[PDB]
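S.K.: Structure file upload_9.pdb (PDB, N, CA and C atoms) is given on the next line.
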ATOM      1  N   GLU A 569      -1.533 -10.394 -15.812
ATOM      2  CA  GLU A 569      -2.908 -10.100 -15.426
ATOM      3  C   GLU A 569      -3.385 -10.974 -14.269
ATOM      4  N   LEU A 570      -4.308 -10.425 -13.480
ATOM      5  CA  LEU A 570      -4.921 -11.125 -12.352
ATOM      6  C   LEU A 570      -6.409 -10.812 -12.304
ATOM      7  N   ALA A 571      -7.149 -11.580 -11.508
ATOM      8  CA  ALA A 571      -8.555 -11.279 -11.245
ATOM      9  C   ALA A 571      -8.638 -10.069 -10.322
ATOM     10  N   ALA A 572      -9.683  -9.260 -10.479
ATOM     11  CA  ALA A 572      -9.932  -8.136  -9.570
ATOM     12  C   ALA A 572     -10.290  -8.654  -8.177
ATOM     13  N   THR A 573     -10.900  -9.839  -8.134
ATOM     14  CA  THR A 573     -11.273 -10.504  -6.886
ATOM     15  C   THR A 573     -10.159 -11.432  -6.376
ATOM     16  N   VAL A 574      -8.919 -10.953  -6.439
ATOM     17  CA  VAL A 574      -7.759 -11.706  -5.972
ATOM     18  C   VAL A 574      -7.494 -11.359  -4.516
ATOM     19  N   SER A 575      -6.919 -12.309  -3.779
ATOM     20  CA  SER A 575      -6.501 -12.072  -2.401
ATOM     21  C   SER A 575      -5.464 -10.951  -2.371
ATOM     22  N   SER A 576      -5.564 -10.084  -1.367
ATOM     23  CA  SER A 576      -4.674  -8.925  -1.251
ATOM     24  C   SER A 576      -3.206  -9.325  -1.105
ATOM     25  N   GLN A 577      -2.960 -10.470  -0.473
ATOM     26  CA  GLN A 577      -1.600 -10.958  -0.272
ATOM     27  C   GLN A 577      -0.910 -11.338  -1.581
ATOM     28  N   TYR A 578      -1.652 -11.925  -2.517
ATOM     29  CA  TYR A 578      -1.078 -12.343  -3.799
ATOM     30  C   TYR A 578      -0.653 -11.143  -4.643
ATOM     31  N   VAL A 579      -1.594 -10.236  -4.897
ATOM     32  CA  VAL A 579      -1.341  -9.071  -5.755
ATOM     33  C   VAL A 579      -0.212  -8.194  -5.216
ATOM     34  N   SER A 580      -0.163  -8.024  -3.900
ATOM     35  CA  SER A 580       0.846  -7.167  -3.293
ATOM     36  C   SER A 580       2.227  -7.827  -3.262
ATOM     37  N   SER A 581       2.289  -9.159  -3.201
ATOM     38  CA  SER A 581       3.580  -9.864  -3.234
ATOM     39  C   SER A 581       4.234  -9.767  -4.614
ATOM     40  N   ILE A 582       3.411  -9.792  -5.659
ATOM     41  CA  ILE A 582       3.880  -9.606  -7.031
ATOM     42  C   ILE A 582       4.407  -8.185  -7.214
ATOM     43  N   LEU A 583       3.665  -7.211  -6.695
ATOM     44  CA  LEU A 583       4.065  -5.804  -6.768
ATOM     45  C   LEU A 583       5.449  -5.538  -6.164
ATOM     46  N   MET A 584       5.768  -6.213  -5.061
ATOM     47  CA  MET A 584       7.037  -5.980  -4.355
ATOM     48  C   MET A 584       8.193  -6.508  -5.174
ATOM     49  N   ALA A 585       7.968  -7.612  -5.888
ATOM     50  CA  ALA A 585       9.016  -8.282  -6.671
ATOM     51  C   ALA A 585       8.967  -7.965  -8.175
ATOM     52  N   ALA A 586       8.063  -7.073  -8.575
ATOM     53  CA  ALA A 586       7.926  -6.678  -9.980
ATOM     54  C   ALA A 586       9.130  -5.889 -10.507
ATOM     55  N   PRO A 587       9.702  -4.983  -9.687
ATOM     56  CA  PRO A 587      10.876  -4.227 -10.143
ATOM     57  C   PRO A 587      12.111  -5.085 -10.426
ATOM     58  N   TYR A 588      12.192  -6.260  -9.804
ATOM     59  CA  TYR A 588      13.331  -7.157  -9.990
ATOM     60  C   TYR A 588      13.070  -8.209 -11.069
ATOM     61  N   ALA A 589      12.043  -7.983 -11.890
ATOM     62  CA  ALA A 589      11.796  -8.803 -13.072
ATOM     63  C   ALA A 589      12.792  -8.447 -14.173
ATOM     64  N   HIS A 590      12.903  -9.326 -15.166
ATOM     65  CA  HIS A 590      13.865  -9.144 -16.256
ATOM     66  C   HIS A 590      13.570  -7.906 -17.108
ATOM     67  N   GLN A 591      12.308  -7.481 -17.153
ATOM     68  CA  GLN A 591      11.940  -6.234 -17.825
ATOM     69  C   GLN A 591      10.636  -5.661 -17.259
ATOM     70  N   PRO A 592      10.418  -4.334 -17.409
ATOM     71  CA  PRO A 592       9.251  -3.614 -16.886
ATOM     72  C   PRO A 592       7.934  -4.397 -16.873
ATOM     73  N   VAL A 593       7.246  -4.357 -15.732
ATOM     74  CA  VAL A 593       6.024  -5.125 -15.507
ATOM     75  C   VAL A 593       4.783  -4.245 -15.663
ATOM     76  N   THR A 594       3.755  -4.797 -16.303
ATOM     77  CA  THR A 594       2.464  -4.133 -16.458
ATOM     78  C   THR A 594       1.404  -5.023 -15.812
ATOM     79  N   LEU A 595       0.962  -4.633 -14.619
ATOM     80  CA  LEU A 595       0.021  -5.429 -13.836
ATOM     81  C   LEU A 595      -1.412  -5.010 -14.170
ATOM     82  N   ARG A 596      -2.194  -5.935 -14.725
ATOM     83  CA  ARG A 596      -3.595  -5.672 -15.065
ATOM     84  C   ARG A 596      -4.538  -6.446 -14.135
ATOM     85  N   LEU A 597      -5.638  -5.809 -13.742
ATOM     86  CA  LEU A 597      -6.657  -6.447 -12.902
ATOM     87  C   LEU A 597      -7.997  -6.480 -13.641
ATOM     88  N   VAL A 598      -8.397  -7.664 -14.103
ATOM     89  CA  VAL A 598      -9.652  -7.818 -14.850
ATOM     90  C   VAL A 598     -10.854  -7.880 -13.901
ATOM     91  N   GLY A 599     -11.902  -7.127 -14.228
ATOM     92  CA  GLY A 599     -13.107  -7.052 -13.401
ATOM     93  C   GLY A 599     -13.449  -5.615 -13.052
ATOM     94  N   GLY A 600     -14.007  -5.417 -11.858
ATOM     95  CA  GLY A 600     -14.392  -4.087 -11.384
ATOM     96  C   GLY A 600     -13.357  -3.507 -10.445
ATOM     97  N   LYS A 601     -13.800  -2.633  -9.543
ATOM     98  CA  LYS A 601     -12.935  -2.102  -8.496
ATOM     99  C   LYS A 601     -12.509  -3.269  -7.612
ATOM    100  N   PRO A 602     -11.200  -3.591  -7.593
ATOM    101  CA  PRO A 602     -10.743  -4.812  -6.918
ATOM    102  C   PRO A 602     -10.924  -4.787  -5.399
ATOM    103  N   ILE A 603     -11.119  -5.970  -4.819
ATOM    104  CA  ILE A 603     -11.403  -6.109  -3.388
ATOM    105  C   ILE A 603     -10.190  -5.684  -2.558
ATOM    106  N   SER A 604      -9.004  -5.887  -3.123
ATOM    107  CA  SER A 604      -7.735  -5.624  -2.449
ATOM    108  C   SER A 604      -7.192  -4.192  -2.635
ATOM    109  N   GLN A 605      -8.030  -3.272  -3.122
ATOM    110  CA  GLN A 605      -7.582  -1.920  -3.506
ATOM    111  C   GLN A 605      -6.859  -1.117  -2.411
ATOM    112  N   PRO A 606      -7.366  -1.141  -1.161
ATOM    113  CA  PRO A 606      -6.620  -0.451  -0.097
ATOM    114  C   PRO A 606      -5.216  -1.023   0.138
ATOM    115  N   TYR A 607      -5.078  -2.345   0.038
ATOM    116  CA  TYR A 607      -3.780  -3.009   0.187
ATOM    117  C   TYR A 607      -2.874  -2.817  -1.031
ATOM    118  N   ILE A 608      -3.474  -2.630  -2.204
ATOM    119  CA  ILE A 608      -2.719  -2.250  -3.399
ATOM    120  C   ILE A 608      -2.145  -0.840  -3.214
ATOM    121  N   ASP A 609      -3.010   0.104  -2.839
ATOM    122  CA  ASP A 609      -2.600   1.482  -2.537
ATOM    123  C   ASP A 609      -1.501   1.531  -1.475
ATOM    124  N   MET A 610      -1.641   0.709  -0.433
ATOM    125  CA  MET A 610      -0.648   0.629   0.642
ATOM    126  C   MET A 610       0.684   0.219   0.088
ATOM    127  N   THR A 611       0.706  -0.902  -0.626
ATOM    128  CA  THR A 611       1.953  -1.450  -1.153
ATOM    129  C   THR A 611       2.655  -0.475  -2.105
ATOM    130  N   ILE A 612       1.883   0.191  -2.960
ATOM    131  CA  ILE A 612       2.433   1.161  -3.919
ATOM    132  C   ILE A 612       3.057   2.368  -3.216
ATOM    133  N   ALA A 613       2.345   2.918  -2.237
ATOM    134  CA  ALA A 613       2.830   4.078  -1.489
ATOM    135  C   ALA A 613       4.091   3.736  -0.691
ATOM    136  N   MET A 614       4.171   2.496  -0.212
ATOM    137  CA  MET A 614       5.359   2.013   0.492
ATOM    138  C   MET A 614       6.499   1.853  -0.481
ATOM    139  N   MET A 615       6.226   1.261  -1.642
ATOM    140  CA  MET A 615       7.229   1.161  -2.711
ATOM    141  C   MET A 615       7.738   2.529  -3.089
ATOM    142  N   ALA A 616       6.851   3.521  -3.083
ATOM    143  CA  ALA A 616       7.242   4.911  -3.324
ATOM    144  C   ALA A 616       8.200   5.423  -2.245
ATOM    145  N   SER A 617       7.925   5.092  -0.984
ATOM    146  CA  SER A 617       8.823   5.454   0.117
ATOM    147  C   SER A 617      10.215   4.832  -0.032
ATOM    148  N   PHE A 618      10.295   3.701  -0.733
ATOM    149  CA  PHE A 618      11.576   3.053  -1.035
ATOM    150  C   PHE A 618      12.078   3.362  -2.458
ATOM    151  N   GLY A 619      11.752   4.553  -2.957
ATOM    152  CA  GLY A 619      12.343   5.079  -4.188
ATOM    153  C   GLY A 619      11.897   4.456  -5.503
ATOM    154  N   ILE A 620      10.702   3.868  -5.533
ATOM    155  CA  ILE A 620      10.157   3.291  -6.767
ATOM    156  C   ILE A 620       8.691   3.692  -6.958
ATOM    157  N   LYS A 621       8.454   4.529  -7.968
ATOM    158  CA  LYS A 621       7.140   5.105  -8.231
ATOM    159  C   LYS A 621       6.351   4.259  -9.238
ATOM    160  N   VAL A 622       5.267   3.637  -8.775
ATOM    161  CA  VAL A 622       4.340   2.923  -9.657
ATOM    162  C   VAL A 622       3.307   3.929 -10.140
ATOM    163  N   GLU A 623       2.913   3.831 -11.408
ATOM    164  CA  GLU A 623       1.985   4.798 -12.000
ATOM    165  C   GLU A 623       0.702   4.158 -12.521
ATOM    166  N   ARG A 624      -0.420   4.812 -12.231
ATOM    167  CA  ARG A 624      -1.712   4.415 -12.769
ATOM    168  C   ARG A 624      -1.747   4.732 -14.260
ATOM    169  N   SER A 625      -2.424   3.881 -15.025
ATOM    170  CA  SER A 625      -2.554   4.089 -16.463
ATOM    171  C   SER A 625      -3.675   5.080 -16.749
ATOM    172  N   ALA A 626      -3.548   5.796 -17.863
ATOM    173  CA  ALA A 626      -4.583   6.718 -18.318
ATOM    174  C   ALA A 626      -5.822   5.950 -18.774
ATOM    175  N   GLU A 627      -5.603   4.883 -19.546
ATOM    176  CA  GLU A 627      -6.687   4.057 -20.093
ATOM    177  C   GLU A 627      -7.681   3.598 -19.020
ATOM    178  N   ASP A 628      -7.193   2.872 -18.016
ATOM    179  CA  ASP A 628      -8.033   2.460 -16.889
ATOM    180  C   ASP A 628      -7.245   2.447 -15.577
ATOM    181  N   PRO A 629      -7.949   2.624 -14.443
ATOM    182  CA  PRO A 629      -7.281   2.634 -13.142
ATOM    183  C   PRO A 629      -6.833   1.251 -12.647
ATOM    184  N   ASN A 630      -7.372   0.181 -13.234
ATOM    185  CA  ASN A 630      -7.048  -1.184 -12.807
ATOM    186  C   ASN A 630      -5.888  -1.843 -13.570
ATOM    187  N   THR A 631      -5.079  -1.032 -14.253
ATOM    188  CA  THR A 631      -3.795  -1.488 -14.788
ATOM    189  C   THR A 631      -2.689  -0.593 -14.239
ATOM    190  N   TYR A 632      -1.697  -1.204 -13.593
ATOM    191  CA  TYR A 632      -0.624  -0.470 -12.926
ATOM    192  C   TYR A 632       0.695  -0.628 -13.676
ATOM    193  N   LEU A 633       1.334   0.503 -13.960
ATOM    194  CA  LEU A 633       2.556   0.540 -14.755
ATOM    195  C   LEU A 633       3.768   0.548 -13.823
ATOM    196  N   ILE A 634       4.480  -0.578 -13.755
ATOM    197  CA  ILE A 634       5.558  -0.764 -12.778
ATOM    198  C   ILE A 634       6.936  -0.659 -13.438
ATOM    199  N   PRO A 635       7.859   0.102 -12.822
ATOM    200  CA  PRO A 635       9.217   0.236 -13.353
ATOM    201  C   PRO A 635      10.101  -0.993 -13.114
ATOM    202  N   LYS A 636      11.355  -0.902 -13.553
ATOM    203  CA  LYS A 636      12.354  -1.949 -13.348
ATOM    204  C   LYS A 636      13.609  -1.332 -12.737
ATOM    205  N   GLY A 637      13.827  -1.584 -11.446
ATOM    206  CA  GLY A 637      14.996  -1.062 -10.740
ATOM    207  C   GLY A 637      15.181  -1.683  -9.367
ATOM    208  N   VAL A 638      15.972  -1.018  -8.529
ATOM    209  CA  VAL A 638      16.280  -1.489  -7.176
ATOM    210  C   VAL A 638      15.789  -0.452  -6.174
ATOM    211  N   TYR A 639      15.231  -0.916  -5.058
ATOM    212  CA  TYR A 639      14.684  -0.014  -4.047
ATOM    213  C   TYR A 639      15.790   0.822  -3.405
ATOM    214  N   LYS A 640      15.607   2.143  -3.400
ATOM    215  CA  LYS A 640      16.493   3.046  -2.662
ATOM    216  C   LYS A 640      16.052   3.061  -1.197
ATOM    217  N   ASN A 641      16.767   2.300  -0.367
ATOM    218  CA  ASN A 641      16.447   2.168   1.056
ATOM    219  C   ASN A 641      16.615   3.481   1.813
ATOM    220  N   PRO A 642      15.548   3.947   2.478
ATOM    221  CA  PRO A 642      15.678   5.158   3.275
ATOM    222  C   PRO A 642      16.438   4.880   4.575
ATOM    223  N   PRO A 643      17.091   5.908   5.152
ATOM    224  CA  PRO A 643      17.810   5.698   6.410
ATOM    225  C   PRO A 643      16.885   5.250   7.534
ATOM    226  N   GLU A 644      15.659   5.758   7.505
ATOM    227  CA  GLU A 644      14.698   5.530   8.561
ATOM    228  C   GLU A 644      13.329   5.257   7.941
ATOM    229  N   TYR A 645      12.652   4.209   8.413
ATOM    230  CA  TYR A 645      11.252   3.969   8.058
ATOM    231  C   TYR A 645      10.416   3.662   9.295
ATOM    232  N   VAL A 646       9.424   4.513   9.539
ATOM    233  CA  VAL A 646       8.542   4.380  10.684
ATOM    234  C   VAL A 646       7.312   3.568  10.289
ATOM    235  N   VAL A 647       7.073   2.476  11.008
ATOM    236  CA  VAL A 647       5.884   1.656  10.803
ATOM    237  C   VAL A 647       4.748   2.230  11.628
ATOM    238  N   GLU A 648       3.585   2.353  11.003
ATOM    239  CA  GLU A 648       2.411   2.884  11.677
ATOM    240  C   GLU A 648       1.876   1.866  12.672
ATOM    241  N   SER A 649       1.286   2.364  13.755
ATOM    242  CA  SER A 649       0.609   1.509  14.720
ATOM    243  C   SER A 649      -0.682   1.010  14.089
ATOM    244  N   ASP A 650      -1.135  -0.166  14.514
ATOM    245  CA  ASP A 650      -2.364  -0.739  13.986
ATOM    246  C   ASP A 650      -3.482   0.283  14.168
ATOM    247  N   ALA A 651      -4.097   0.673  13.059
ATOM    248  CA  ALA A 651      -5.094   1.738  13.066
ATOM    249  C   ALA A 651      -6.378   1.310  13.771
ATOM    250  N   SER A 652      -6.680   0.013  13.718
ATOM    251  CA  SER A 652      -7.836  -0.534  14.418
ATOM    252  C   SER A 652      -7.595  -0.480  15.924
ATOM    253  N   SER A 653      -6.451  -1.012  16.358
ATOM    254  CA  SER A 653      -6.043  -0.936  17.763
ATOM    255  C   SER A 653      -5.976   0.521  18.227
ATOM    256  N   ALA A 654      -5.554   1.406  17.327
ATOM    257  CA  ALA A 654      -5.478   2.846  17.599
ATOM    258  C   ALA A 654      -6.811   3.501  17.973
ATOM    259  N   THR A 655      -7.922   2.909  17.544
ATOM    260  CA  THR A 655      -9.239   3.494  17.789
ATOM    261  C   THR A 655      -9.597   3.497  19.270
ATOM    262  N   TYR A 656      -9.147   2.478  19.994
ATOM    263  CA  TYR A 656      -9.535   2.308  21.395
ATOM    264  C   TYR A 656      -9.016   3.428  22.309
ATOM    265  N   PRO A 657      -7.703   3.718  22.287
ATOM    266  CA  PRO A 657      -7.229   4.838  23.106
ATOM    267  C   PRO A 657      -7.723   6.211  22.633
ATOM    268  N   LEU A 658      -7.964   6.362  21.331
ATOM    269  CA  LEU A 658      -8.590   7.579  20.800
ATOM    270  C   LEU A 658     -10.040   7.709  21.272
ATOM    271  N   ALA A 659     -10.738   6.580  21.341
ATOM    272  CA  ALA A 659     -12.119   6.555  21.810
ATOM    273  C   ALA A 659     -12.213   6.909  23.291
ATOM    274  N   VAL A 660     -11.192   6.541  24.065
ATOM    275  CA  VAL A 660     -11.138   6.882  25.490
ATOM    276  C   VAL A 660     -11.070   8.396  25.665
ATOM    277  N   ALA A 661     -10.218   9.043  24.877
ATOM    278  CA  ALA A 661     -10.119  10.500  24.894
ATOM    279  C   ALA A 661     -11.432  11.157  24.468
ATOM    280  N   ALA A 662     -12.105  10.557  23.491
ATOM    281  CA  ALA A 662     -13.379  11.076  22.991
ATOM    282  C   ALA A 662     -14.493  10.996  24.034
ATOM    283  N   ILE A 663     -14.612   9.840  24.679
ATOM    284  CA  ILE A 663     -15.708   9.592  25.614
ATOM    285  C   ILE A 663     -15.507  10.295  26.968
ATOM    286  N   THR A 664     -14.248  10.512  27.353
ATOM    287  CA  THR A 664     -13.909  11.104  28.652
ATOM    288  C   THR A 664     -13.615  12.604  28.612
ATOM    289  N   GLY A 665     -13.540  13.180  27.418
ATOM    290  CA  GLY A 665     -13.282  14.611  27.272
ATOM    291  C   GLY A 665     -11.854  15.015  27.578
ATOM    292  N   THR A 666     -10.931  14.065  27.444
ATOM    293  CA  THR A 666      -9.506  14.318  27.607
ATOM    294  C   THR A 666      -8.859  14.282  26.224
ATOM    295  N   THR A 667      -7.531  14.350  26.176
ATOM    296  CA  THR A 667      -6.802  14.349  24.912
ATOM    297  C   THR A 667      -5.924  13.103  24.771
ATOM    298  N   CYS A 668      -5.698  12.680  23.527
ATOM    299  CA  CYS A 668      -4.797  11.564  23.235
ATOM    300  C   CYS A 668      -4.200  11.705  21.846
ATOM    301  N   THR A 669      -2.913  11.396  21.731
ATOM    302  CA  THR A 669      -2.188  11.544  20.477
ATOM    303  C   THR A 669      -1.589  10.208  20.051
ATOM    304  N   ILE A 670      -1.696   9.906  18.763
ATOM    305  CA  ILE A 670      -1.068   8.727  18.190
ATOM    306  C   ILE A 670      -0.011   9.213  17.208
ATOM    307  N   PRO A 671       1.267   9.176  17.624
ATOM    308  CA  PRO A 671       2.336   9.927  16.957
ATOM    309  C   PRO A 671       2.849   9.370  15.624
ATOM    310  N   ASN A 672       2.265   8.279  15.129
ATOM    311  CA  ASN A 672       2.686   7.705  13.849
ATOM    312  C   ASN A 672       1.582   7.473  12.812
ATOM    313  N   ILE A 673       0.319   7.641  13.200
ATOM    314  CA  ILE A 673      -0.790   7.625  12.247
ATOM    315  C   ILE A 673      -1.196   9.063  11.953
ATOM    316  N   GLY A 674      -1.094   9.464  10.688
ATOM    317  CA  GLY A 674      -1.448  10.819  10.269
ATOM    318  C   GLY A 674      -2.430  10.839   9.115
ATOM    319  N   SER A 675      -2.525  11.991   8.455
ATOM    320  CA  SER A 675      -3.417  12.167   7.308
ATOM    321  C   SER A 675      -2.964  11.372   6.076
ATOM    322  N   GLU A 676      -1.663  11.097   5.977
ATOM    323  CA  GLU A 676      -1.125  10.277   4.889
ATOM    324  C   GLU A 676      -1.081   8.783   5.233
ATOM    325  N   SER A 677      -1.795   8.366   6.281
ATOM    326  CA  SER A 677      -1.776   6.974   6.732
ATOM    327  C   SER A 677      -2.316   6.016   5.678
ATOM    328  N   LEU A 678      -1.646   4.874   5.544
ATOM    329  CA  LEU A 678      -1.997   3.878   4.537
ATOM    330  C   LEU A 678      -3.192   3.001   4.929
ATOM    331  N   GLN A 679      -3.639   3.088   6.180
ATOM    332  CA  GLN A 679      -4.643   2.157   6.703
ATOM    333  C   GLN A 679      -6.049   2.720   6.613
ATOM    334  N   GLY A 680      -6.992   1.867   6.222
ATOM    335  CA  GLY A 680      -8.390   2.257   6.104
ATOM    336  C   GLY A 680      -9.003   2.620   7.444
ATOM    337  N   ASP A 681      -8.635   1.875   8.485
ATOM    338  CA  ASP A 681      -9.170   2.097   9.832
ATOM    339  C   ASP A 681      -8.662   3.394  10.486
TER
END
Show me this structure written as structure tokens.

M.R.:
Amino acid sequence: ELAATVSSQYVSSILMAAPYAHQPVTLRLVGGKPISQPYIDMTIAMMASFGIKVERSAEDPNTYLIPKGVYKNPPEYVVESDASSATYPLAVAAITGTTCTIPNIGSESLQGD
């Protein structure tokens, strides 16, 4: 268990190394909607891309049910461009009435920005 008001770096580092624990991990977050929720979602979806599906509990959304295994490495993994930095060239296209494409940020993007 952890505090809901935990730093995003701590909770996500545990998540990455949870599958390599001696037995299945159950990560609980005490409190409300945690401050690190977008980074939790990011880490889980990435873990999913590496062949390990973390599941939300029925009881509450702030307990995550983590498996025990080894990451299935994909042949190719594309890292998204910084979504904040991405706003500037998109804004240029918006303000000038021209077009601009960002070929790695899509609708399934992990970033809030």

S.K.: Residues within 7 Å of (-3.4, -4.9, -11.8), file coordinates, counting only C-alpha atoms: what are they? Give the list as an MDAnalysis selection string.

M.R.: chainID A and resid 569:570 595:597 630:632

S.K.: Grab the CA of residue 651 in chain A to CA of residue 673 in chain A distance for me, in Å with one decimal place.

M.R.: 7.3 Å

S.K.: Taking into account all atoms listed in the file, which residue in the set A:628, A:611, A:633, A:578 is nearest to residue 593 in chain A?

M.R.: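 Going through A:628, A:611, A:633, A:578 one by one, the smallest distance to residue 593 in chain A is for A:633.
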
S.K.: Could you list the residues chosen by the PyMOL selection byres (((chain A and resi 573 and name CA) around 7) and name CA) in this structure as a PyMOL selection string?

M.R.: chain A and resi 571-572+574-575+602-603
